[PDB]
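Reading through the structure tokens given below for one structure.
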Amino acid sequence: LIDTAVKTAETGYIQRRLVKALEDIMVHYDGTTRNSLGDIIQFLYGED
Amino acid sequence: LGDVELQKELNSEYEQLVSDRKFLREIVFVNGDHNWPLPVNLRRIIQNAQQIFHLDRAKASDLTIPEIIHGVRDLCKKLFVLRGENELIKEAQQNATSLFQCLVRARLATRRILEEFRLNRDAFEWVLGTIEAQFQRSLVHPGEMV
Amino acid sequence: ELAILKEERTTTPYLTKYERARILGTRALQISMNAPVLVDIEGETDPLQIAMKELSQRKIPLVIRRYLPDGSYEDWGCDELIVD
Amino acid sequence: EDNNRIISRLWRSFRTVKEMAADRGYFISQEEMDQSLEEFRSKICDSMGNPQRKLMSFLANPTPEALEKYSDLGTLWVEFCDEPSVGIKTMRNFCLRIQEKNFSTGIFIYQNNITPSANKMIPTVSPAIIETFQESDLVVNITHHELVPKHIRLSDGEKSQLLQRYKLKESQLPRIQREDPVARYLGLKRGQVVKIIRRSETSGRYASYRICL
Amino acid sequence: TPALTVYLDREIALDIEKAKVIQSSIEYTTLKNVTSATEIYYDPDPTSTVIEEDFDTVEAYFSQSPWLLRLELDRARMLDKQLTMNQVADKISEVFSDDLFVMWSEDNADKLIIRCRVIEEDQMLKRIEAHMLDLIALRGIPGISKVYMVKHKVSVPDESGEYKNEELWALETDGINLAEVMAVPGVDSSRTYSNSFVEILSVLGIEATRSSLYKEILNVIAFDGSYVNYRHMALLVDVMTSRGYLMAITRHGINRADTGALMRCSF
Numbered sequence: 005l006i007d008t009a010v011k012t013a014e015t016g017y018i019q020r021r022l023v024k025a026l027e028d029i030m031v032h033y034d035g036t037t038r039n040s041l042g043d044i045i046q047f048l049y050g051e052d
Numbered sequence: 129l130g131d132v133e134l135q136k137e138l139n140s141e142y143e144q145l146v147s148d149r150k151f152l153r154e155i156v157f158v159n160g161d162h163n164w165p166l167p168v169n170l171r172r173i174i175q176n177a178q179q180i181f182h183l184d185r186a187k188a189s190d191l192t193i194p195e196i197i198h199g200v201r202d203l204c205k206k207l208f209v210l211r212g213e214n215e216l217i218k219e220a221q222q223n224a225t226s227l228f229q230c231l232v233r234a235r236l237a238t239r240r241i242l243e244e245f246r247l248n249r250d251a252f253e254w255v256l257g258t259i260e261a262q263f264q265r266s267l268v269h270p271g272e273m274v
Numbered sequence: 074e075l076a077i078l079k080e081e082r083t084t085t086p087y088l089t090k091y092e093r094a095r096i097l098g099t100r101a102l103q104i105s106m107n108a109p110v111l112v113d114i115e116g117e118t119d120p121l122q123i124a125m126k127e128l129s130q131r132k133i134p135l136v137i138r139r140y141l142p143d144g145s146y147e148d149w150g151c152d153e154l155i156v157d
Numbered sequence: 004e005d006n007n008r009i010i011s012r013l014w015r016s017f018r019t020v021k022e023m024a025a026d027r028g029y030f031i032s033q034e035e036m037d038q039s040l041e042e043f044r045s046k047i048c049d050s051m052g053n054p055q056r057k058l059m060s061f062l063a064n065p066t067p068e069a070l071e072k073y074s075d076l077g078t079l080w081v082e083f084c085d086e087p088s089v090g091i092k093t094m095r096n097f098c099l100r101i102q103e104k105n106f107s108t109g110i111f112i113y114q115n116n117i118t119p120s121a122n123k124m125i126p127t128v129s130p131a132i133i134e135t136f137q138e139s140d141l142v143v144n145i146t147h148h149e150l151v152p153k154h155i156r157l158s159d160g161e162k163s164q165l166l167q168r169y170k171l172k173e174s175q176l177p178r179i180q181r182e183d184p185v186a187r188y189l190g191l192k193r194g195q196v197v198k199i200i201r202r203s204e205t206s207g208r209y210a211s212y213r214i215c216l
Numbered sequence: 296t297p298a299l300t301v302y303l304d305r306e307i308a309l310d311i312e313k314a315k316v317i318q319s320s321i322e323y324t325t326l327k328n329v330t331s332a333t334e335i336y337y338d339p340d341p342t343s344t345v346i347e348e349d350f351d352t353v354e355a356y357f358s359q360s361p362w363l364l365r366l367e368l369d370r371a372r373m374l375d376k377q378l379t380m381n382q383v384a385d386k387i388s389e390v391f392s393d394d395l396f397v398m399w400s401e402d403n404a405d406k407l408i409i410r411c412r413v414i415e416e417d418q419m420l421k422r423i424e425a426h427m428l429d430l431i432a433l434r435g436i437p438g439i440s441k442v443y444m445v446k447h448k449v450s451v452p453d454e455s456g457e458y459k460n461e462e463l464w465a466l467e468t469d470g471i472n473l474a475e476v477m478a479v480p481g482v483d484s485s486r487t488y489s490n491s492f493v494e495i496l497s498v499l500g501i502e503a504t505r506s507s508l509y510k511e512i513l514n515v516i517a518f519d520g521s522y523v524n525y526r527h528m529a530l531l532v533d534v535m536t537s538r539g540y541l542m543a544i545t546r547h548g549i550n551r552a553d554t555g556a557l558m559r560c561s562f
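Protein chains in written order, with the numbering used here: chain A, 5 to 52; chain B, 129 to 274; chain C, 74 to 157; chain D, 4 to 216; chain E, 296 to 562.
As structure tokens, then:
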């Protein structure tokens with residue numbers, strides 16, 4: 005009961021930082037994967 | 129039997145299959161794992177074709193050998209991920225579908241089409257069209273917040 | 074300037090799920106504000122249903138302006154894009 | 004005994020340097036690349052077995068293919084420094100030697116360390132390029148590792164063609180730092196792009212591009 | 296839990312005796328590890344000793360400061376680690392040159408003893424003794440406290456071409472020093488792996504970090520039987536490596552981007 009009650013907030017914080025790191029990443033019409041600055045993260049999404 | 133000109137195609141087919149097996153076993157999948165997530169499941173598409181056209185029967189097939197080899201090879205040029213004629217795009221387009229082309233060729237091999245799946249002329253042309261249509265449908269859609 | 078000529082259009086010729094949803098909603102909205110409808114309306118009188126009927130007959134009079142990352146764009150009419 | 008491990012590590016470092024030169028496009032004879040360890044001990048060690056670094060220096064020129072691809076490729080001078088601690092005295096004669104014989108690039112292998120004061124004498128000798136390596140770091144050629152895919156530098160024409168295809172500014176490509184081990188191995192300068200062809204478990208083959216800061 | 300996975304060359308990997316040789320050369324052994332006791336005597340006569348125990352030892356052997364440093368080696372740990380009195384004394388010689396006379400007893404003796412003398416100093420011997428235990432390295436690679444002998448089941452094709460299993464010996468360590476362990480003869484320098492990707496970045500570069508980062512994340516997720524499709528973990532590690540260095544998913548990484556201020560301040 006302690007573990008479930010404690011470690012739920014540990015993983016809740018993990019998910020929050022992950023979402024903010026990745027939220028602006030979108031597939032564009034040329035197949036590239038880019039963020040809001042237009043930086044290329046992958047030249048083709050999922051490599052396939 | 130004896131036709132050396134038809135044997136030149138089948139040799140080129142088997143040579144292609146030897147390249148793939150050597151490439152995949154020594155570079156891609158060193159540990160020998162051969163079950164992998166891949167697009168559009170060919171096993172299900174074939175057994176549906178067997179049902180629509182009642183592909184039971186020992187009724188010898190009218191499907192000629194050059195139709196098979198040229199049919200499959202022409203298919204692998206229509207699996208468009210990226211369109212455009214630029215030289216870099218064609219290399220990228222070929223790279224993106226390298227693993228999937230090997231998968232197709234490993235199934236639509238001459239002996240298997242004729243002995244195992246037993247496709248006729250009507251069914252085989254249908255199988256090519258379905259693969260082509262379903263691969264397009266499996267591309268990720270632009271705008272997806274991946 | 075930014076516009077890409079018809080012969081040199083490179084983006085996918087299939088309507089994406091996102092383009093489809095926006096087209097249906099926008100056209101639905103216009104019909105509920107009494108825009109002229111381009112198909113026969115029989116028994117199905119909901120705004121969304123009429124718009125879905127027009128889509129199936131390739132009769133929606135709209136153009137998609139697809140922006141590319143650099144800001145340039147290809148205009149595609151919904152009459153010419155292939156819908157699954 | 005312990006003298007054999009000094010010679011062995013140094014001999015392995017030498018094969019790595021030759022591999023480095025070969026990958027950058029310079030021509031190295033097919034007899035010098037495959038030179039065994041036994042022949043190496045005979046030529047380099049004294050009667051007491053101690054090695055003479057100044058006999059190991061060599062010169063190389065670009066292959067015709069590399070010159071066709073990269074027209075900025077000149078002469079490469081490789082030098083092993085006999086002084087463990089490289090001071091202000093050693094660097095002056097080295098920079099003078101490079102200029103006098105007008106080499107295009109010099110690779111400086113040191114033994115133990117380079118003082119931070121002497122480290123500022125490196126960019127003051129332009130348009131000639133000086134690169135330094137610690138002898139430890141070359142005992143294993145890191146590009147033969149499973150996890151390191153083959154890096155190939157793009158030519159200026161190929162680079163320009165690439166940027167137009169994706170309609171990219173230069174500052175939008177993924178980056179690799181200059182002090183990264185594989186960038187240093189290739190002697191990458193700012194603005195140059197490597198192409199990286201890489202195994203992929205979903206597509207089989209995938210080409211990744213990175214630009215060097 | 297820093298750890299290295301050290302694959303060995305094929306010829307060595309199928310011969311357990313040769314692999315044990317590799318084991319003892321990698322493992323860090325200090326002088327402190329093998330020392331059981333240290334002593335400080337007042338032995339004023341350099342040619343003799345008040346100690347009756349070392350009487351027959353030093354008298355026959357011989358055929359500066361009065362303070363004596365006498366240290367005892369444990370026979371069991373010296374025997375297991377395969378170290379001789381000579382080679383232990385050799386390493387001492389290089390670092391202590393002419394400031395210390397080294398005298399060792401024989402391995403047949405009841406106690407294994409090493410005597411040392413210098414050639415106000417009551418405290419200087421305590422400081423030197425501290426200096427000895429804290430710095431003398433007898434052999435091995437620094438940072439490798441333990442080496443384990445691990446058997447790997449690796450699938451490799453037959454001569455017939457059929458996939459068969461094949462048992463091979465490898466090593467795993469506590470602690471890391473990837474660069475130094477790679478250079479060690481016997482070690483397959485093209486395959487050595489570490490679970491600290493920070494160290495991988497310094498040794499192998501950014502593209503190797505990508506594969507190592509993926510391997511370590513996947514191992515975590517797959518462990519409780521879950522399976523996440525490749526493209527999601529692949530996407531995360533490309534974000535973490537796009538700048539050429541490792542950008543942590545913390546404020547110190549995320550908000551060092553050139554993104555707008557409204558976006559960055561919301562985290």
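Here a beta-carbon is modelled for each residue, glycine too, at the ideal position from N, C-alpha and C.
Can residue i and residue j be called in contact, C-beta distance under 8 Å?
| i | j | result |
| --- | --- | --- |
| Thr99 (chain C) | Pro270 (chain B) | no |
| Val274 (chain B) | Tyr33 (chain A) | no |
| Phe492 (chain E) | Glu511 (chain E) | yes |
| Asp148 (chain B) | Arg201 (chain B) | no |
| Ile214 (chain D) | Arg178 (chain D) | yes |
| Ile549 (chain E) | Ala25 (chain A) | yes |
| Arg15 (chain D) | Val151 (chain D) | no |
| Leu368 (chain E) | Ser320 (chain E) | no |
Given a threshold of 16 other Cβ atoms within 10 Å of its Cβ, counted over all protein chains shown, does residue i qualify as buried or as exposed?
| i | result |
| --- | --- |
| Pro87 (chain D) | exposed |
| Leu13 (chain D) | buried |
| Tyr188 (chain D) | buried |
| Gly194 (chain D) | exposed |
| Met427 (chain E) | buried |
| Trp149 (chain C) | buried |
| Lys187 (chain B) | exposed |
| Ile414 (chain E) | exposed |
| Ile104 (chain C) | buried |
| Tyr488 (chain E) | buried |
With a cut-off of 8 Å, does the C-beta of residue i fall near any C-beta of chain C?
| i | result |
| --- | --- |
| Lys170 (chain D) | yes |
| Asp34 (chain A) | yes |
How about residue i: is its C-beta nearer than 8 Å to some C-beta of chain E?
| i | result |
| --- | --- |
| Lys11 (chain A) | no |
| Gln175 (chain D) | no |
| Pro165 (chain B) | yes |
Check whether the Cβ of residue i lies closer than 8 Å to any Cβ atom in chain D.
| i | result |
| --- | --- |
| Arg538 (chain E) | yes |
| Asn223 (chain B) | yes |
Counting contacts by CB-CB distance shorter than 8 Å, is residue i in contact with chain A?
| i | result |
| --- | --- |
| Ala234 (chain B) | no |
| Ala186 (chain B) | no |
| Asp453 (chain E) | no |
| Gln164 (chain D) | no |
Taking Cβ positions only, does residue i come closer than 8 Å to chain B?
| i | result |
| --- | --- |
| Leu22 (chain A) | no |
| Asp52 (chain A) | yes |
Segments of 4+ residues assigned as alpha helix (DSSP H) that fall wholly inside the region 78 to 146 of chain C: 90 to 105, 120 to 129
Residue ranges of each beta strand (DSSP E) within the region 466 to 497 of chain E, 3 or longer: none
Short-range partners of chain C found in the region 261 to 272 of chain B, where Cβ spacing is below 9 Å: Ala261, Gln264, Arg265, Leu267, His269, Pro270, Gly271, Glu272
Near-chain C residues of the region 200 to 217 of chain B (beta-carbon distance less than 7 Å), N- to C-terminal order: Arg211, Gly212
Interface positions of the region 128 to 157 of chain C facing chain A (Cβ-Cβ less than 7 Å), listed along the chain: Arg139, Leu141, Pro142
Interface positions of the region 104 to 130 of chain D facing chain A (Cβ-Cβ less than 7 Å), listed along the chain: none
Ranges of the alpha helix (DSSP H) found wholly within the region 503 to 562 of chain E, counting only runs of at least 4: 525 to 536, 546 to 549, 556 to 560
Alpha helix (DSSP H) runs contained entirely in the region 148 to 204 of chain D, provided each spans 4 or more residues: 159 to 169, 184 to 189
Whole runs of the alpha helix (DSSP H) within the region 308 to 388 of chain E, excluding any shorter than 4 residues: 311 to 321, 326 to 329, 350 to 357, 370 to 375
Near-chain E residues of the region 137 to 160 of chain B - C-beta to any C-beta below 8 Å: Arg153, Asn159, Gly160
Start-end ranges of the alpha helix (DSSP H) lying completely within the region 58 to 144 of chain D, minimum 4 residues: 67 to 72, 91 to 103
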